[PDB]
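> Here is my input, please return the structure:
(6 chains)
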Amino acid sequence: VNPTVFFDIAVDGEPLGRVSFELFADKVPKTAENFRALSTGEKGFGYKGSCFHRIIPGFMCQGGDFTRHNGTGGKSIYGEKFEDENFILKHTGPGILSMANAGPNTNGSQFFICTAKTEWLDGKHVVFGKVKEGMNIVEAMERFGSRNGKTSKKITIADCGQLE
Amino acid sequence: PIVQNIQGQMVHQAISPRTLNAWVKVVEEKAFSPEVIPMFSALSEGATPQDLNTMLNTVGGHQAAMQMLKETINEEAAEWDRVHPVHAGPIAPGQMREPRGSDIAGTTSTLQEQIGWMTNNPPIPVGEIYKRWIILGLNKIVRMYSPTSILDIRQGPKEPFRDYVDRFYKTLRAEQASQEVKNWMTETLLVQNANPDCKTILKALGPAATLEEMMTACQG
Amino acid sequence: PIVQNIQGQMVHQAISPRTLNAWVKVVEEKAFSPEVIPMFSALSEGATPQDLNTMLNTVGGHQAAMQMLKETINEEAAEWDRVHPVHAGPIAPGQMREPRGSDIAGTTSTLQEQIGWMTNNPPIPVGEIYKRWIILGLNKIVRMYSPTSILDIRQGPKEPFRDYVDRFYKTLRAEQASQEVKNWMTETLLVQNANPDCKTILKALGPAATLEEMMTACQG
Amino acid sequence: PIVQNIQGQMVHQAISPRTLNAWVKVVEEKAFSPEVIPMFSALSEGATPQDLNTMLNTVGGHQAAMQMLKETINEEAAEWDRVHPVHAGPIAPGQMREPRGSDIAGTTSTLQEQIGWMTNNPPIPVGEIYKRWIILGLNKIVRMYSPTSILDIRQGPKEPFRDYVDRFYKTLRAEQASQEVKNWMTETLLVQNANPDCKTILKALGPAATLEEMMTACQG
Amino acid sequence: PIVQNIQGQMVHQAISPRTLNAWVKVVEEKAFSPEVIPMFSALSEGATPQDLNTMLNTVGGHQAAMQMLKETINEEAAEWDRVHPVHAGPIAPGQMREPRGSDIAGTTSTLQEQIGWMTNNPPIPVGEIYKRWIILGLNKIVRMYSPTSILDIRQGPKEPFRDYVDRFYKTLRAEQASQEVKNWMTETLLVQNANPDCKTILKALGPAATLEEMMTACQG
Amino acid sequence: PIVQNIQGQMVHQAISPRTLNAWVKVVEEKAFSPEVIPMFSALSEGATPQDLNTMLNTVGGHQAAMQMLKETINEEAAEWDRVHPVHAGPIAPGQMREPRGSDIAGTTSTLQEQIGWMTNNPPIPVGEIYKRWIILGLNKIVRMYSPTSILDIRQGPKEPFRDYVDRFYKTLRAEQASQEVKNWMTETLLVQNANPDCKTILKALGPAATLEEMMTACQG
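Residues are numbered from 1 along each chain as shown, chains lettered A, B, ... in the order given. The protein structure is shown below:
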């Protein structure tokens, strides 16, 4: 019933590990379909070969800008941006997958994986999934980031797709 | 157009002459009216860019409309190339190079490459993109063919209310300025331009009146 | 529309162009007759809401009737939402999607969601519900297109009983009422409005006589 | 109206007389014009429902407009009661019960309850809700006090273009049917009703013309 | 009045000269309109009976109205003293004695007793009762001041509907009947006294007549 | 507008009604003249964008000028967006996000966000930027409201030099041009358009004569 997608992560081309995500399509369906479809690449464009452009140790890893590769772009499967579906789920801990945005109703394709409990984000970013397998791969990724987000090595989504 | 097999996979299939004949006949007989876009979208479901270029080049006559459609497709392809630059260098073995705007149009690419794009993993919907572009062009064309403007509608003393509302909604569907503007127009301009007798019969029902009672009032 | 595919697994098959051409032709040739409802119900058996939207968009002309149809579909969706709101209850162990008034009308529901709602076990009758709505709308349209009231049907001085009863039953079928009202009307109105020459003949047969007896009586 | 202190907390404050005097003077001197709503929204920032009932009851004259506003507030209060139903069962220790549709207006509640509602944790914005309702009522009032419709605008042969566009935009801001429909009107109706000479001078610049060049064309 | 210090005791404060200046200005310029009562209740908020006596004595002229107001205050004080026994004898410290009617009027006491009664626990508000009595008196005055009755309003042949409803609602605001009788008259006599043309217009409007609908119907 | 509050902590203070009344009066009598831009800049020192929106909404009449101002504000916002791109992403807990092109105009930016952008260290000059935009708009409007051009200013036969130079400098200040062009414009136009006798009187003084000597030449 709820889809599961994976990401095979790479640090400058060396394979690092697989993170897999359960998308809560039963509560945030339109948000979960957009991440699912961008992971499969079935609509022609997507996450494969994009990188995490902003990694802040102890906060979150952000990625998903496949058009401009630096947080200023990305687009959804419904157009460039769409509404905040709802705020049922909250940022309860590491592994929560939440939507990045540029204020309300500006969701595109950027997402962030929390590596800590970030309750201040509640009510401001739609949560739509959580890490299933691979959280120590997300944790190891932190080491390649910095206080301001700049990463030291290129961290890419080498491959991604749907598992179930 | 691609068609699925018994085991679920799909492979290219030659375009049926019946589809081309029906498309040309409906274009000739029904000219360029609002009801060509649904039939066009229904006729060429899953059609390759070559099939769409066929269905467009095969339309004899109305060459100005076809030139408008070609210009619209050209502008859309230029915008697509500007928003999605293609990479250079060697291409990965498991991936085929991404198409450019002129190649999304299907003008400078072979049919086998279109089939490979459409049946790739993950599939690339070049046919759907070019169909969206053609549908936008056809919307602009049916906008151009619109005979009269929406504001110039005024019912004659003898023209029945049925013909009046028919003409009104015809040019309204041909306008396609927006949806909420259309909703405001069908509230205001519809009742603003009635014949005085039936006009006051409609005003007797107030603005809360619906179209059914609006018509059966002036009926009989 | 989806169809049972060998073996036992329903897969989506897009609407065939020949079906759309048949629908356009029957709407062009027969306008809006009482019989179209059965032809529409038989041309779109088990159709996804997208197919019915395509078949309602491919119509040419009669935009007023299509507007009444769309408005009645909206009203049925509104009433459906009112009759089927989510009341608090313990969550079901198994979750199945759910069709909204807008999810049933095929407006905001993607084709995959409708295929899911149809092929899932237990199935959600979205197609039959939308067909009931469109059939109610078509009944409204065909009852509006009636040229004259059933009460005005009267036989000419030399108009044969054949054409008289044909036109009378045609207008009665186009007319809308309960079955008992029709049972009373066929006994109170048919014999009275007949031509006196054959009216005496029908009166000589009896009040509760059947149609064939009167028809062979005034035959010739 | 509540006011913040040095420590940061807020407490009720008696309404200042030269606010009531200014409101009564602007209501009488300017009567009803689109620029009474911004003045009202600026005068009563943070005012309790009692203060708004004061500012409304204090308006002598134009009692029909005040009754329209009362009726609009009445209907709005009923909708709020219908949309949210009070929950049953035990109430949390850190929370206490909410107001009703009629008590949002402050008709059947004392001032201390309004202050407790406005400075609760979390605060409940009854003042802002009632201000929104009053602003909607004032919008309907200034709609009624519009002296013409948007379509009847036709510039006279001698009436300058400046006065024409002033009247147009005045009755357009007084229309407030929508925002995108306003955007379509300012493109079509503005260019469609000019005097023939200046009309064709504006047509010389095409639809891409902006308002500045639109006026400096007919200028001089 | 009694200003509540921010995080502190409710310190007493003498009435500012601005309040009395505005009060004498409005009572001089506007005579005795229905709205003056709201403005009087607005200017004097949380004021001691000494403040209200100062606000009433400063009124210059219209001494008959002042004598009627004093007679009404005396009647209310007599009723209060009749339906409330007054205790006497030694009184426990820290607890003020029973407020008498002539004392609740402030004519037989100083500011200290009023401040004590408005600061006791539980509070005994003398201001909200003396202001109620003054409002009853001002209501009698404004009823006496009305030039024409409500039952004798008739619309002129040329006088439009707006002026007629203005005069009608002004006289209704000046009326003395209960609220249910007020609703009855504003429901019936409004349309029952209009000019015959718009009378028939509003009769065609039928039941559920609402003021904005009435004024939109009688346009032109 | 925010103001330095004792001690050293800026807190939000809502716009005072007296300032709004002064603005309405200066836009009622002065209307649109060169002096309004300086008056506006002084009445709105350090104002949040909400205060400037309130001051621009309260203007009654002159809707064409307000629409020009709104359109120029939109144009400046688009140019600011094209020059200062805003990157999307989660904000830092300590610092605020970079305001977009529409966050300056107070359209989609809440009052708290503006207060943050102003009181933060380093401060974001949203108020001064919006003031520069409104000042550009007001310059456009006051250069439009000019009745005649500076080239058309000519002295009457007996019209004294005082009124001529006053009107000429007033029109020159209302006109829009670089100061460097004005330096040639004055020395080319002031003496030439004067009366012939005063023309020779000023030419006797010399070409580079100052304004005071030129004045005292034809004094009386």
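> Look at the closest residue to residue A:111 other than its chain neighbours and say how many residues are nearby.
Distances taken as Cβ to Cβ, 6 or more residues apart in numbering or on different chains place residue A:64 nearest to residue A:111, at 5.0 Å, with adjacent residues excluded. In this view, the C-beta of every residue, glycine as well, is placed from N, C-alpha and C. Counted with other Cβ atoms under 10 Å in any protein chain shown, residues neighbouring residue A:64 total 23.
> Residue A:64 touches residue A:50, doesn't it?
Yes - using Cβ atoms under 8 Å, residue A:64 makes contact with residue A:50 at a distance of 6.3 Å.
> Any idea which residue is closest to the centre of chain A?
Nearest residue to the geometric centre of chain A (Cα atoms, centre = their mean): residue A:111, 3.4 Å.
> Bridged to that one, which residues?
Here residue A:111 sits in beta bridges with residue A:63, residue A:99, going by DSSP bridges.
> burial of residue B:76, as a residue count?
Counted by other Cβ under 10 Å, the residues lying close to residue B:76 total 20.
> isn't it right up against residue B:133?
Yes - using Cβ under 8 Å, residue B:76 makes contact with residue B:133 at a distance of 4.5 Å.
> buried residues in stretch A:54-73?
Neighbour-count burial for stretch A:54-73, with 16 or more other Cβ atoms under 10 Å in any protein chain shown as criterion, is recorded at A:54-57, A:59-67, A:71-73.
> Then stretch A:96-106?
A:96-103, A:106.
> now swap in stretch B:91-103 and tell me
Buried, per 16+ other Cβ under 10 Å, within stretch B:91-103: B:98-101, B:103.
> The closest residue to residue A:57 other than its chain neighbours - how many residues pack around it?
Closest residue to residue A:57 apart from its sequence neighbours, by Cβ to Cβ, 6+ apart: residue A:142 at 4.4 Å. For residue A:142, the count of nearby residues is 17 (other Cβ under 10 Å).
> tell me the contacts of residue A:142?
A:55, A:57-58, A:61, A:115 (Cβ atoms under 8 Å, 6 or more residues apart in numbering or on different chains).
> Just the ones of those residues in strands?
Counting by DSSP state E, these place A:55, A:61 in strands.
> May I ask you to confirm that residue B:27 is in contact with residue B:59?
Yes - using Cβ under 8 Å, residue B:27 makes contact with residue B:59 at a distance of 5.4 Å.
> Chain neighbours aside, what residue packs nearest to residue 68?
Reading this off chain A. residue A:74 (7.5 Å).
> Oops, wrong one, chain B.
Per Cβ to Cβ, 6+ apart, closest to residue B:68 is residue B:141, 5.8 Å.
> roughly how far out does the top helix by length along chain A sit from the chain middle?
The longest helix of chain A (DSSP state H) is helix A:29-40. Offset of helix A:29-40 from its chain centre (Cα atoms, centre = their mean, to the nearest Å): 11 Å.
> got the contact list for stretch A:155-164?
A:3-11, A:13, A:15, A:20, A:36, A:39-41, A:46-52, A:55, A:61, A:63, A:141, A:144, B:122.
> same question, stretch B:92-107
B:48-50, B:52-53, B:73, B:76-81, B:84, B:86-87, B:91, B:108-109, B:113-114, B:116-117, B:120, B:124, B:126, B:129-130, B:133.
> Work out the gap between it and the centre of the chain.
On Cα atoms, centre = their mean, the centre of stretch B:92-107 falls 25 Å from that of its chain.
> Just the CA atoms of that stretch, as PDB, please.
The C-alpha coordinates for stretch B:92-107 follow below in PDB (Å, rounded to 0.1, in the frame of the first residue of the first chain):
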ATOM      1  CA  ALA B  92      26.500   6.100 -20.200                       C
ATOM      2  CA  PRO B  93      25.800   2.600 -21.700                       C
ATOM      3  CA  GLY B  94      22.600   2.100 -19.700                       C
ATOM      4  CA  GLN B  95      21.200   5.500 -20.600                       C
ATOM      5  CA  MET B  96      20.300   7.000 -23.900                       C
ATOM      6  CA  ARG B  97      21.100  10.700 -24.500                       C
ATOM      7  CA  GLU B  98      18.300  13.100 -23.500                       C
ATOM      8  CA  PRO B  99      16.400  14.700 -26.400                       C
ATOM      9  CA  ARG B 100      16.600  18.400 -27.300                       C
ATOM     10  CA  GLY B 101      13.600  20.600 -28.100                       C
ATOM     11  CA  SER B 102      14.000  20.100 -31.900                       C
ATOM     12  CA  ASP B 103      14.300  16.300 -31.100                       C
ATOM     13  CA  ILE B 104      11.400  16.300 -28.700                       C
ATOM     14  CA  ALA B 105       9.500  17.700 -31.700                       C
ATOM     15  CA  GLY B 106      10.700  14.700 -33.700                       C
ATOM     16  CA  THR B 107      12.100  16.700 -36.600                       C
END
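> Residue of chain B nearest chain A, please.
Residue of chain B nearest chain A, by Cβ to the nearest Cβ: residue B:122 (3.8 Å).
> quick one on the thing from earlier: closest to residue C:219 out of the contacts of residue A:142?
Residue C:219 lies nearest to residue A:61 out of the contacts of residue A:142, by Cβ to Cβ, at 90.3 Å.
> picking up where we left off before, mind listing what the residue nearest to residue B:68 touches?
B:32, B:65, B:68-69.
> Tabulate those residues (TSV), appending distance to residue C:21 and secondary structure.
Below are the contacts of residue B:141 laid out as TSV (distance: Cβ to Cβ, whole Å; DSSP: H, G, I helix; E, B strand; the rest coil):
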residue	distance to residue C:21	secondary structure
B:32	18	coil
B:65	22	helix
B:68	27	helix
B:69	23	helix
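> which one of those is nearest residue C:43?
residue B:32 (26.0 Å).
> What are the boundaries of the strands in chain A?
A:4-11, A:14-23, A:54-56, A:60-63, A:96-99, A:111-114, A:127-133, A:155-162.
> Find the nearest non-adjacent residue to residue A:54, please.
Per Cβ to Cβ, 6+ apart, closest to residue A:54 is residue A:149, 3.7 Å.
> residues near that neighbour, how many?
20.
> so who does it touch?
A:53-56, A:62.
> Count the neighbours of whichever residue of chain A sits closest to chain D for me.
Relative to chain D, the nearest point of chain A is residue A:123 (12.9 Å; Cβ to the nearest Cβ). Residues contacting residue A:123 under the criterion other Cβ under 10 Å number 12.
> Residue B:148 contacts residue B:170, doesn't it?
No - the criterion here is Cβ under 8 Å, and residue B:148 misses it with residue B:170 at 9.7 Å.
> Who has more neighbours out of those two?
residue B:170 (19 against 11).
> Which residue, other than its chain neighbours, is closest to that one?
residue C:63 (5.3 Å).
> OK, contacts around that neighbour?
Contacts of residue C:63 by Cβ under 8 Å, 6+ apart are B:166, B:169-170, B:172-173.
> again, 10 Å this time
B:34-35, B:165-174 (Cβ atoms under 10 Å, 6 or more residues apart in numbering or on different chains).
> Please identify the residue of chain A positioned nearest to chain E.
Closest point on chain A to chain E, by Cβ to the nearest Cβ, is residue A:120, at 30.6 Å.
> no, scratch that, I was asking about chain B
residue B:204 (6.6 Å).
> before we move on, what SS does the spatially closest residue to that residue that is not a sequence neighbour have?
Excluding the flanking residues, the one nearest residue B:204 by Cβ to Cβ, 6+ apart is residue E:204, at 6.6 Å. Local secondary structure at residue E:204 is given as helix here, using DSSP: H, G, I helix; E, B strand; the rest coil.
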